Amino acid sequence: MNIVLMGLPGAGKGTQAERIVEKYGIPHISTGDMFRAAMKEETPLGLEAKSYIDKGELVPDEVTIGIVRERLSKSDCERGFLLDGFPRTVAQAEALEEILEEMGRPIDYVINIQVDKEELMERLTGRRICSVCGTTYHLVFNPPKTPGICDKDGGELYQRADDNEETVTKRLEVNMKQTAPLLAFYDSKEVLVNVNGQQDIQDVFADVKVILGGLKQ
């Protein structure tokens, strides 16, 4: 149960990751969350990633590989893991292959959550996120029970700094450029599985369960 999620901005990685963690009991590793936390604490890593994140650009490969290697060396990952948003370039995928061969934990599947770019701006412009637990809502497609508050913990919802329309536009263009190379890389490895992410959330998850419930230790 060593899984990677890939998708264009707003395609649903975090929403599906939360459901995967709850059903299969593996830890969630999100590079976006790691960088935004370091930004928040203003660590040197934080301050250095911020210039890229704010513009909607990729943080450089070397630093991102490093935080992922460190995270994967923790003991929770022995049973599996769900990488979310990493790799997102070919060079990050090649490093991860090498790390995971050294660790003895090769990827079982890379799940690509496919959504038309033309749907993604509306997903991100309506996204409202819990300041406490990070879960995401959408004003129309997945609202909280009470506006402005998270259902789980009563935390204040906020708008991610990079979800402004002109940032979303750059994020889409930056990540669309990596898409073909990365799908070729993992299809040629025979670990890529695509899912149609333009369905109701529970229907996307049903397809994820066909894939992950088919794995056996």
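When you see a residue number, it is the position in the sequence shown, counting from 1.
Asker: Mean CA temperature factor from the deposited coordinates, higher in 23 to 31 or in 36 to 44?
Answerer: Looking at the record's C-alpha B-factors, the answer is 36 to 44.
Asker: Test of understanding: from the entry's C-alpha B-factors, which stretch has the higher mean, 66 to 74 or 152 to 160?
Answerer: According to the entry, 152 to 160 carries the higher average C-alpha B-factor.
Asker: Choose from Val132, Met103, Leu120, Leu82 the residue with the greatest Cα B-factor as stated in the PDB record.
Answerer: Of the options given, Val132 has the highest CA B-factor in the PDB entry.
Asker: Once the chain's modelled residues are ordered by C-alpha B factor and cut into thirds, is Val59 in the lowest, middle or highest one?
Answerer: It falls in the top third of the chain.
Asker: Which third of the chain holds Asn112 when residues are ordered by C-alpha B factor: lowest, middle or highest?
Answerer: It falls in the bottom third of the chain.
Asker: Lowest, middle or highest third: where is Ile53 by Cα B-factor in its chain?
Answerer: Ranked within chain, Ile53 CA B lands in the highest tercile.
Asker: Ranked by Cα temperature factor within the chain, is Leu192 in the lowest third, the middle third or the highest third?
Answerer: Its C-alpha B-factor belongs to the lowest third of this chain's values.
Asker: Quick check for you: using the entry's CA B-factors within this chain, is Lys145 in the lowest, middle or highest third?
Answerer: Highest third of the chain for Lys145's C-alpha B-factor.
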